[PDB]
Every structure is written in structure tokens, then in C-alpha cells.
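The lines below spell out each chain.
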Amino acid sequence: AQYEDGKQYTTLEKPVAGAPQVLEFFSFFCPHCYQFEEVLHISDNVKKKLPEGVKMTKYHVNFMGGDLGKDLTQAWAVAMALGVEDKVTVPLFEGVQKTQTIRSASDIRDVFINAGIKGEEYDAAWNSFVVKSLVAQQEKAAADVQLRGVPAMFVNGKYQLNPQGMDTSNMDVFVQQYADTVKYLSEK
């Protein structure tokens, strides 16, 4: 067939019940994740081709970057809670990987402040139980699929995207194949 298990995607032998429809994992330390997000815009091109009624979830992971890595998972929880993902994703990626000006939890906080989130409102969220449960959600979702590398995308807790089975000569063409594959998997 045109889409083949083991080629553009794989099937989890241990499917995850109640999993988000489309679930993407990343780390702000992850070089291919910087490419995915800042250069290829995978999340965005996938979303624009998703069927009606299929929602997209994106979670951060702990297993890169040690202590700062965990701070970033908590910061991403804050971003989700406040709904400012689209204001902090670029400066967090560039702060960690481009300028390398993010070295501490305080430096992460600076990104949100510069983006216009008020200090008290960031700090309140950071220390909130709603953020603690969002951190838990992120950790649980990664645990459920035994996650060991990023970037990664999962559809309905059953299928895992396999971008290595795709031509990267042209970036535009790769992105649309990736997006078309997610849409196909979503209609399965």
C-alpha cells in the first residue's frame, strides 16, 4: 500500500487507552525539535490538515537537559495553563539553542516576562497545583508510550510517526508528507 505499517509509521504493540488524538513530544534542548518547530513548522502544518474535531496536544519531556530540562517541562505547563504557547515557543527554543542565554529557571522566567506575562501571574502559575497536574499529565503521557526520544508524534495512542521513512531533499515536501500521514492515521 502507499502507507505501510513499519514505513511512514509504526504500530504500538501496547496501545494506550484514552490517549490524546494527536500527541506531539519535544524538548527545548532537542536539536531536531528546533528544526521541526522553527524551520519545518511541523505542528502547524499538521494542524492545518487535521480533520474536523481532532485536537492537537504538545508536551515537553524531562529526559534531556537535566535539571533545566525539568524546569522547562514545568515552564511548558505554565505556558499551557496561561495559553501563551505561541508567545514563548520561539524565544525558549532560541534561548536554549541559539543564544544559549537560558541557564536557569530565572532565565526561563525572563522569557515569559519579555513576552508580556506579568511576574506575579507567571509566579502564581509556576507554583500552582493546576500546573503541577499539567506537569503530571506530560509525564504520564510520555510514560504511557515508553518515550525515549524526541521529536515524536502519536495518533490515538496507537500509531507512532516514522519520519525516517521519508525524503528530506525538499523541506516543504517532507512536511506535507508528514502532515498527510498524520491525517491518514487520524482517519484510520
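Residues numbered from 1 in each chain as written, not as in the entry; some residues may be left out. Heavy atoms only, no water.

Method-wise, the PDB entry is recorded as coming from X-ray crystallography, at a reported resolution of 1.6700 Å.

Trainee: Mind showing me how you'd approach the packing of helix α4 (residues 85–98) against helix α5 (residues 105–114) here?
Mentor: The relative placement of two packed helices is expressed as an angle between their axes plus a distance between the axes. Following both chains from N to C, one finds α4 and α5 inclined at 140°, their axes separated by 9 Å at the closest point. The angle between α4 and α5 falls in the class oblique. The two elements α4 and α5 meet at a crossing, and its hand is right-handed. Packed against α4, whose contacting residues are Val88, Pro91 and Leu92, the element α5 presents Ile108, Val111 and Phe112 at the interface. Across the contact of α4 with α5, the residue classes tally to six nonpolar, no polar and no charged. (Axes fitted to C-alpha atoms, helices over the stretch in contact; angles between N-to-C directions. Helix = DSSP H or I, 4+ residues; strand = E, 2+ residues; numbered from the N terminus. Parallel < 35°, antiparallel > 145°, perpendicular 65-115°, else oblique. Left-handed = near helix turned anticlockwise from the far one by under 90°. Contact = heavy atoms within 4.5 Å. Nonpolar A, V, L, I, M, F, W, Y, C, P; charged D, E, K, R; others polar.)

Trainee: Where do I start with the pairing of strand β2 (residues 22–26) in this structure?
Mentor: Within a regular strand, side chains alternate between the sheet's two faces. Of all five residues making up β2, five are buried, and the element is well covered by its neighbours. Across the two faces of β2 the burial is the same, with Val22, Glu24 and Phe26 and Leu23 and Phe25 all buried. Pairing of β2 with strand β3 (residues 56–60), which is carried by five bridges, proceeds in the parallel orientation. Among the inter-strand pairings, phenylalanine 25 is bridged to a residue of β3, identified as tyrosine 59. Both β2 and strand β4 (residues 152–155) contribute to a ladder of four bridges, which runs antiparallel. (Buried < 20%, exposed > 50% of the residue type's maximum accessible area, 1.4 Å probe, protein only. Pairing = 2+ DSSP bridges.)

Trainee: Would you mind going over the side chain of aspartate 107 with me for this structure?
Mentor: With respect to the helices, strands and loops of the structure, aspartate 107 is situated in helix α5. With relative accessibility at 17%, the residue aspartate 107 sits in the buried group. Here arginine 103 takes part through its backbone nitrogen, which lies 2.8 Å from a polar atom of the side chain of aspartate 107. Those residues in contact with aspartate 107 that sit more than four places away from it in its chain are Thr101 and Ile102. (Polar contact = N/O pair within 3.5 Å; in protein donor to acceptor, adjacent residues only side chain to side chain.)

Trainee: How should I be thinking about the packing of aromatic side chains in this particular structure?
Mentor: Any pair of aromatic rings gets described here by the distance separating the centres and the angle formed by the planes. Going through the model one piece at a time under the given rule, you end up with 16 aromatic pairs. Measuring from centroid to centroid gives 4.7 Å for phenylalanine 112 and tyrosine 122, while their planes differ by 55°, and the two rings are tilted. In this pair, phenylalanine 112 is assigned in helix α5 and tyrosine 122 in helix α6 (residues 119–126), connecting sequence segments ten residues apart. On the basis of relative accessibility, which here comes to 2%, the residue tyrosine 122 falls in the buried class. Ring pairing ties together the aromatic residues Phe26, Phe28, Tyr34, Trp76 and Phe93, which thus form one cluster. It is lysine 132 that lies over the ring of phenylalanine 129; its NZ or CZ is 5.4 Å from the centre. (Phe/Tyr/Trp six-rings, centres within 6.5 Å; stacked < 30°, edge-to-face > 60°. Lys NZ or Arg CZ within 6 Å of the ring centre and 35° of its normal.)

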